[PDB]
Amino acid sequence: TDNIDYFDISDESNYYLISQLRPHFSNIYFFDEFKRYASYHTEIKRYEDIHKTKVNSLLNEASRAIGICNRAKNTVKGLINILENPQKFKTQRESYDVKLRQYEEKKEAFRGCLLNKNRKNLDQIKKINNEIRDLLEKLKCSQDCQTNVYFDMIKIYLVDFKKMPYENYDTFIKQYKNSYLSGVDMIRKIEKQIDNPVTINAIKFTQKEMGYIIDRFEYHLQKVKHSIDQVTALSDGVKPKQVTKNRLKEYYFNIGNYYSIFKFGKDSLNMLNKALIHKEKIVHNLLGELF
């Protein structure tokens, strides 16, 4: 395993998802996308500093918090190779079941670190949310607020969606899940018919790694498709020419949050793509080492 960036964790409410890649939060892509919305309204052209004084401060604190867990990440990577490389396994002096117990303890400690050291920043996300709700209030319109920008940003978003190869990922993950369990069932039969446990544990462990990353690939794929399908629906549906300000606020929140999910999943699906590509090359090689 060259990199273990594929690990993530969500809060106990399962509402805030933290990733090892910038900006770690979808909410920052929300706030980053608000820098586009605020440029079109001369009535609120004060967010250029707020994005720099607050959103950049929140992002800088988020990057530092992940770096604190880097020492804990290096400990997990060491246990990854001992368990996935039988040649490296034959050097230590404990059983495989004893090494799994050290892996689950170190993994959740690393995943728990990303959440524990970022709890102060997750509470800051809702702070800028209310500031955005308050900042948008300064629009001089009240009952006939313009919706041209709202649909114009959907025009921009649907262009970025065509660069996203969602169909290729679905066929990729379909073959992968078909190839994953097919190799798992083949190991289930060989398990009792040979006597090479050290190599079989490297299979089942790398299979467990694939199974977890597949779960992350399936979740990020569905969240991307949901954002793509919902934003597309707002362009094919009704197009009101002017709505109220309170109605316009949730509009920016609706597409500003959805596009944050798409860009967040685009960063994760790309990373989870190579992670599954790399991890499968381990199992295919490890089975070649069995014959």
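We number the residues from 1 along the sequence you see. The term rigid core refers to the maximal set of C-alpha atoms that superpose within 1.5 Å between the two forms.
Larger root-mean-square CA separation from the shown form, computed after a rigid core fit of the structures in 7 other deposited structures of this protein, is seen for 44 to 52 when 44 to 52 is set against 62 to 70. Farther from the shown form on average, by C-alpha root mean square after a core fit in 7 other deposited structures of this protein, is 189 to 197, of the stretches 189 to 197 and 115 to 123. Checked against the record, the higher mean CA B factor of 220 to 228 and 42 to 50 lies with 42 to 50. When the C-alpha B-factors of 177 to 185 and 144 to 152 are averaged, 177 to 185 comes out higher.
Across the residues 122, 114, 164, 200, the deposited record lists the maximum Cα B factor for 200. The entry lists a Cα temperature factor for residue 138 that places it in the lowest third of the chain's modelled residues.
Among the modelled residues of its chain, residue 63 has a C-alpha B-factor that falls in the middle third according to the deposited record. Residue 160: CA B factor in the lowest third of modelled residues in this chain (values from the PDB entry).
When the modelled residues of the chain are ordered by C-alpha B-factor, residue 18 sits in the lowest third. Per the PDB record, residue ranking by Cα B-factor puts residue 190 in the highest third of the chain.
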